[PDB]
file final24.cif (mmCIF, C-alpha atoms)
data_work
#
loop_
_atom_site.label_atom_id
_atom_site.label_comp_id
_atom_site.auth_asym_id
_atom_site.auth_seq_id
_atom_site.Cartn_x
_atom_site.Cartn_y
_atom_site.Cartn_z
CA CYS A 35 24.77 -111.12 63.40
CA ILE A 36 23.51 -109.13 66.38
CA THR A 37 24.20 -105.45 66.89
CA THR A 38 21.65 -104.67 69.58
CA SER A 39 21.27 -105.93 73.10
CA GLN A 40 19.81 -109.42 73.07
CA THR A 41 19.53 -112.73 74.92
CA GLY A 42 18.40 -116.14 73.86
CA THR A 43 19.57 -119.65 73.21
CA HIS A 44 21.49 -120.93 70.14
CA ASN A 45 22.53 -124.58 69.67
CA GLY A 46 21.58 -125.31 73.19
CA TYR A 47 23.70 -122.52 74.68
CA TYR A 48 22.46 -119.38 76.30
CA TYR A 49 23.77 -116.19 74.76
CA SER A 50 23.83 -112.66 76.20
CA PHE A 51 24.84 -109.52 74.38
CA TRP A 52 24.59 -106.16 76.04
CA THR A 53 25.79 -102.79 74.67
CA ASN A 54 25.21 -99.20 75.77
CA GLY A 55 25.02 -98.49 72.01
CA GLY A 56 28.45 -96.96 71.52
CA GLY A 57 30.46 -97.63 68.36
CA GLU A 58 29.92 -100.61 66.18
CA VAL A 59 29.71 -103.88 68.05
CA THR A 60 28.72 -106.99 66.18
CA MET A 61 28.23 -110.41 67.85
CA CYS A 62 28.07 -113.38 65.49
CA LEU A 63 26.74 -116.71 66.74
CA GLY A 64 28.14 -120.06 65.49
CA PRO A 65 27.83 -123.83 65.91
CA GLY A 66 27.68 -125.34 69.34
CA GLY A 67 29.11 -122.90 71.96
CA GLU A 68 30.73 -120.55 69.38
CA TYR A 69 30.45 -116.77 69.25
CA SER A 70 32.55 -114.00 67.74
CA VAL A 71 32.50 -110.27 68.37
CA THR A 72 34.20 -107.51 66.45
CA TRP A 73 34.13 -103.91 67.69
CA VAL A 74 35.17 -100.43 66.78
CA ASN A 75 35.25 -97.37 69.08
CA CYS A 76 32.84 -99.07 71.50
CA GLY A 77 31.15 -97.69 74.59
CA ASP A 78 30.63 -100.58 76.87
CA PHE A 79 29.47 -104.07 75.89
CA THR A 80 29.43 -107.66 77.16
CA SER A 81 28.99 -110.77 75.06
CA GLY A 82 29.14 -114.51 75.01
CA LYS A 83 27.65 -117.93 75.50
CA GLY A 84 26.98 -120.21 78.41
CA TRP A 85 24.09 -121.08 80.69
CA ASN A 86 21.13 -119.46 82.33
CA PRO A 87 20.29 -120.31 85.07
CA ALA A 88 23.88 -121.41 85.54
CA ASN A 89 25.14 -123.88 88.10
CA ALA A 90 28.87 -123.45 88.69
CA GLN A 91 29.79 -125.30 85.45
CA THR A 92 33.36 -126.35 84.80
CA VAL A 93 33.89 -124.38 81.66
CA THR A 94 36.16 -125.23 78.82
CA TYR A 95 36.85 -122.57 76.19
CA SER A 96 39.19 -121.84 73.31
CA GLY A 97 39.74 -119.28 70.61
CA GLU A 98 41.32 -115.86 70.21
CA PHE A 99 41.09 -112.55 72.00
CA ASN A 100 42.49 -109.49 70.24
CA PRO A 101 41.66 -106.12 71.93
CA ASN A 102 43.09 -102.79 70.92
CA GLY A 103 42.73 -100.91 74.23
CA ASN A 104 40.61 -101.77 77.25
CA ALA A 105 38.75 -105.14 77.07
CA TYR A 106 38.25 -108.26 79.24
CA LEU A 107 37.90 -112.02 78.64
CA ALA A 108 36.37 -113.71 81.58
CA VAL A 109 33.96 -116.26 82.82
CA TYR A 110 31.33 -113.78 83.82
CA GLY A 111 27.97 -113.83 85.47
CA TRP A 112 25.47 -112.64 88.01
CA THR A 113 23.69 -113.84 91.14
CA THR A 114 20.48 -112.50 92.57
CA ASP A 115 19.37 -112.15 96.21
CA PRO A 116 21.93 -110.76 96.65
CA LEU A 117 22.70 -109.11 93.38
CA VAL A 118 26.37 -109.86 92.54
CA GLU A 119 28.40 -109.37 89.31
CA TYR A 120 31.50 -111.60 89.03
CA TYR A 121 34.44 -112.14 86.74
CA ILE A 122 36.94 -114.93 86.54
CA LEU A 123 39.31 -112.89 84.47
CA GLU A 124 41.47 -114.90 82.07
CA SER A 125 42.96 -112.10 79.93
CA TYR A 126 42.48 -108.37 79.52
CA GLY A 127 43.89 -105.65 77.35
CA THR A 128 45.57 -102.45 78.40
CA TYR A 129 43.75 -101.85 81.69
CA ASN A 130 43.97 -104.19 84.70
CA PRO A 131 40.55 -103.87 86.33
CA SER A 132 41.88 -104.76 89.74
CA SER A 133 43.92 -101.53 89.81
CA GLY A 134 42.97 -99.70 92.95
CA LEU A 135 41.15 -102.71 94.42
CA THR A 136 41.88 -104.32 97.73
CA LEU A 137 43.48 -107.79 97.48
CA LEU A 138 41.60 -110.41 99.38
CA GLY A 139 43.67 -113.58 98.77
CA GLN A 140 44.34 -116.13 96.07
CA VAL A 141 42.96 -119.31 94.57
CA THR A 142 44.84 -121.64 92.40
CA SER A 143 42.74 -123.57 89.86
CA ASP A 144 43.16 -125.28 86.49
CA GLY A 145 46.87 -124.66 86.51
CA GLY A 146 46.82 -120.96 87.22
CA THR A 147 46.74 -118.57 90.09
CA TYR A 148 44.17 -115.86 90.52
CA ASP A 149 44.10 -112.81 92.84
CA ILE A 150 40.73 -112.16 94.50
CA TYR A 151 39.05 -108.75 94.84
CA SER A 152 35.69 -107.23 95.61
CA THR A 153 34.41 -103.70 94.92
CA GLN A 154 31.08 -101.94 95.23
CA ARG A 155 29.42 -100.74 92.03
CA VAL A 156 27.14 -97.75 92.57
CA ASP A 157 24.25 -96.90 90.20
CA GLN A 158 25.51 -99.13 87.40
CA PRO A 159 23.57 -101.11 84.81
CA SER A 160 22.87 -104.65 85.87
CA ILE A 161 20.49 -107.45 85.19
CA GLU A 162 18.09 -105.57 87.57
CA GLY A 163 18.53 -102.13 85.97
CA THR A 164 20.58 -99.40 87.48
CA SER A 165 21.63 -100.70 90.83
CA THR A 166 24.18 -100.93 93.50
CA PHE A 167 25.86 -104.29 93.94
CA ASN A 168 29.15 -105.94 94.75
CA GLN A 169 31.43 -107.13 92.02
CA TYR A 170 33.83 -110.01 92.61
CA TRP A 171 37.10 -110.76 90.74
CA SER A 172 39.43 -113.69 90.26
CA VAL A 173 42.21 -112.18 88.17
CA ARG A 174 44.65 -114.66 86.66
CA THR A 175 48.22 -113.59 87.55
CA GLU A 176 49.26 -114.29 84.02
CA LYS A 177 47.01 -113.76 81.08
CA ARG A 178 45.73 -116.67 79.00
CA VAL A 179 43.34 -117.38 76.22
CA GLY A 180 41.80 -120.85 76.46
CA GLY A 181 41.62 -123.76 78.95
CA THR A 182 39.28 -125.05 81.68
CA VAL A 183 37.86 -122.81 84.43
CA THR A 184 36.42 -124.77 87.36
CA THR A 185 34.04 -122.11 88.47
CA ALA A 186 33.23 -123.89 91.76
CA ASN A 187 36.86 -123.52 92.97
CA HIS A 188 36.60 -119.79 92.54
CA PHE A 189 33.23 -119.58 94.18
CA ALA A 190 34.36 -121.72 97.13
CA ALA A 191 37.45 -119.57 97.54
CA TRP A 192 35.34 -116.41 97.39
CA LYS A 193 32.81 -117.62 99.97
CA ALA A 194 35.67 -118.70 102.30
CA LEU A 195 36.71 -115.01 102.31
CA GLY A 196 33.22 -113.80 103.31
CA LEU A 197 31.99 -112.93 99.83
CA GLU A 198 28.27 -113.80 99.68
CA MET A 199 26.89 -115.38 96.43
CA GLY A 200 23.11 -115.34 95.61
CA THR A 201 21.03 -117.58 93.31
CA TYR A 202 22.84 -118.19 89.97
CA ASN A 203 21.58 -116.11 87.05
CA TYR A 204 23.51 -116.38 83.80
CA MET A 205 27.09 -117.39 83.36
CA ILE A 206 28.97 -117.02 80.09
CA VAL A 207 32.42 -116.61 78.68
CA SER A 208 32.27 -112.90 78.05
CA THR A 209 34.22 -110.66 75.85
CA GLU A 210 33.78 -107.17 77.20
CA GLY A 211 35.06 -103.85 75.79
CA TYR A 212 35.35 -100.36 77.16
CA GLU A 213 36.11 -97.38 74.74
CA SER A 214 38.25 -99.63 72.53
CA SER A 215 38.26 -101.62 69.29
CA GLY A 216 39.12 -105.27 68.56
CA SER A 217 37.87 -108.73 67.93
CA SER A 218 37.56 -112.18 69.47
CA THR A 219 36.10 -115.64 68.92
CA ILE A 220 35.43 -118.10 71.63
CA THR A 221 33.92 -121.52 71.67
CA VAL A 222 32.37 -122.52 74.97
CA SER A 223 31.62 -126.01 76.42
#
call {"tool": "encode", "arguments": {"input": "final24.cif", "output": "structure tokens"}}
result
Amino acid sequence: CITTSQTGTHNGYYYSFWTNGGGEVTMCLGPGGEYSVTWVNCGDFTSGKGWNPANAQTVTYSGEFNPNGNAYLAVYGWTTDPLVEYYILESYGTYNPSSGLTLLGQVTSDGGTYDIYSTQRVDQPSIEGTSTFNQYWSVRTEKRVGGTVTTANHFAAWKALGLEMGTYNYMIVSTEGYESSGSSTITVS
């Protein structure tokens, strides 16, 4: 298992794990698209499997997401030129990350409806070091764990609202935690 920030490929899938070092955070890689992550009193971390460079994959995923506090389960990724961080948020724990964000519209996809938001992140860690970049959200209006996410429907809906996307960097199904504990296991295809 992995307890320090790391990227690679495992059974043909890209994996990314990032932690600021807080708490214990342990990512365990499995067959095919499987990963698991168990955490206690974390700082901030992201983790999962997918593709890099990605290409707006239709993602299928299943498993279990069990946060105690603030955490997120999302199809998650970056673009470059411009630098963008994005989340198609499927479930989250105690804190709704769109709190305080300006609602841009909706997209319905794969049976669900998602509210769209953008916010500027200032001097935050990123795949280009500490930077300033925009961060896009599709937040599902009801939480779920597992299903198909047609990323291209979200991206098309975001672009139609004036949100610019760069060149695809990685895209994964990320479990992310903020000052919390918990576990999850997700199998990506």
call {"tool": "resolve_selection", "arguments": {"input": "final24.cif", "expression": "the PyMOL selection byres ((chain A and resi 124) around 10)", "output": "ChimeraX atom specification"}}
result
/A:106-109,121-123,125-126,146,148,172-181,183,207
call {"tool": "write_last_selection", "arguments": {"input": "final24.cif", "atoms": "C-alpha atoms", "output": "JSON list (two decimals), in the coordinates of the input"}}
result
[["chain", "number", "residue", "atom", "x", "y", "z"],
["A", 106, "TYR", "CA", 38.25, -108.26, 79.24],
["A", 107, "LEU", "CA", 37.90, -112.02, 78.64],
["A", 108, "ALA", "CA", 36.37, -113.71, 81.58],
["A", 109, "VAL", "CA", 33.96, -116.26, 82.82],
["A", 121, "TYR", "CA", 34.44, -112.14, 86.74],
["A", 122, "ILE", "CA", 36.94, -114.93, 86.54],
["A", 123, "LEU", "CA", 39.31, -112.89, 84.47],
["A", 125, "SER", "CA", 42.96, -112.10, 79.93],
["A", 126, "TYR", "CA", 42.48, -108.37, 79.52],
["A", 146, "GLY", "CA", 46.82, -120.96, 87.22],
["A", 148, "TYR", "CA", 44.17, -115.86, 90.52],
["A", 172, "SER", "CA", 39.43, -113.69, 90.26],
["A", 173, "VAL", "CA", 42.21, -112.18, 88.17],
["A", 174, "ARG", "CA", 44.65, -114.66, 86.66],
["A", 175, "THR", "CA", 48.22, -113.59, 87.55],
["A", 176, "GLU", "CA", 49.26, -114.29, 84.02],
["A", 177, "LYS", "CA", 47.01, -113.76, 81.08],
["A", 178, "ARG", "CA", 45.73, -116.67, 79.00],
["A", 179, "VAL", "CA", 43.34, -117.38, 76.22],
["A", 180, "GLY", "CA", 41.80, -120.85, 76.46],
["A", 181, "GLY", "CA", 41.62, -123.76, 78.95],
["A", 183, "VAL", "CA", 37.86, -122.81, 84.43],
["A", 207, "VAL", "CA", 32.42, -116.61, 78.68]]
call {"tool": "residues_around", "arguments": {"input": "final24.cif", "residues": "residue 206 (chain A)", "least_positions_apart": "3", "cutoff": "10 Å", "atoms": "all atoms listed in the file", "output": "compact mmCIF listing (two decimals) with C-alpha atoms, in the frame of the given file"}}
result
# COMPACT_ATOMS: atom_id res chain seq x y z
CA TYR A 47 23.70 -122.52 74.68
CA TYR A 48 22.46 -119.38 76.30
CA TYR A 49 23.77 -116.19 74.76
CA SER A 50 23.83 -112.66 76.20
CA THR A 80 29.43 -107.66 77.16
CA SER A 81 28.99 -110.77 75.06
CA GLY A 82 29.14 -114.51 75.01
CA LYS A 83 27.65 -117.93 75.50
CA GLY A 84 26.98 -120.21 78.41
CA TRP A 85 24.09 -121.08 80.69
CA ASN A 86 21.13 -119.46 82.33
CA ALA A 88 23.88 -121.41 85.54
CA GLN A 91 29.79 -125.30 85.45
CA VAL A 93 33.89 -124.38 81.66
CA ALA A 108 36.37 -113.71 81.58
CA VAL A 109 33.96 -116.26 82.82
CA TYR A 110 31.33 -113.78 83.82
CA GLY A 111 27.97 -113.83 85.47
CA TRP A 112 25.47 -112.64 88.01
CA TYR A 121 34.44 -112.14 86.74
CA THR A 209 34.22 -110.66 75.85
CA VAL A 222 32.37 -122.52 74.97
call {"tool": "closest_residue", "arguments": {"input": "final24.cif", "among": "A:217, A:199, A:115, A:182", "to": "residue 145 (chain A)", "atoms": "all atoms listed in the file"}}
result
A:182
call {"tool": "resolve_selection", "arguments": {"input": "final24.cif", "expression": "the PyMOL selection byres ((chain A and resi 56-67) around 8)", "output": "ChimeraX atom specification"}}
result
/A:35-37,44-47,51,53-55,68-79,81,83-84,220-223
call {"tool": "residues_around", "arguments": {"input": "final24.cif", "residues": "region 128-131 of chain A", "least_positions_apart": "2", "cutoff": "10 Å", "atoms": "all atoms listed in the file", "output": "list in words"}}
result
residues 101, 102, 103, 104, 105, 106, 123, 125, 126, 133, 134, 135, 151, 171, 173, 212 and 214 of chain A
call {"tool": "resolve_selection", "arguments": {"input": "final24.cif", "expression": "the PyMOL selection byres ((chain A and resi 138) around 9)", "output": "count of residues only"}}
result
10
call {"tool": "closest_residue", "arguments": {"input": "final24.cif", "among": "A:191, A:205, A:144, A:42", "to": "residue 120 (chain A)", "atoms": "all atoms listed in the file"}}
result
A:205
call {"tool": "atom_distance", "arguments": {"input": "final24.cif", "atom1": "CA of residue 95 (chain A)", "atom2": "CA of residue 161 (chain A)"}}
result
24.0 Å
call {"tool": "atom_distance", "arguments": {"input": "final24.cif", "atom1": "CA of residue 96 (chain A)", "atom2": "CA of residue 184 (chain A)"}}
result
14.6 Å
call {"tool": "atom_distance", "arguments": {"input": "final24.cif", "atom1": "CA of residue 167 (chain A)", "atom2": "CA of residue 114 (chain A)"}}
result
9.9 Å
call {"tool": "closest_residue", "arguments": {"input": "final24.cif", "among": "A:216, A:190, A:52, A:119", "to": "residue 40 (chain A)", "atoms": "only C-alpha atoms"}}
result
A:52
call {"tool": "closest_residue", "arguments": {"input": "final24.cif", "among": "A:170, A:218, A:141, A:187", "to": "residue 155 (chain A)", "atoms": "only C-alpha atoms"}}
result
A:170
call {"tool": "closest_residue", "arguments": {"input": "final24.cif", "among": "A:97, A:127, A:87, A:116", "to": "residue 210 (chain A)", "atoms": "all atoms listed in the file"}}
result
A:127
call {"tool": "closest_residue", "arguments": {"input": "final24.cif", "among": "A:204, A:118, A:92, A:185", "to": "residue 43 (chain A)", "atoms": "all atoms listed in the file"}}
result
A:204
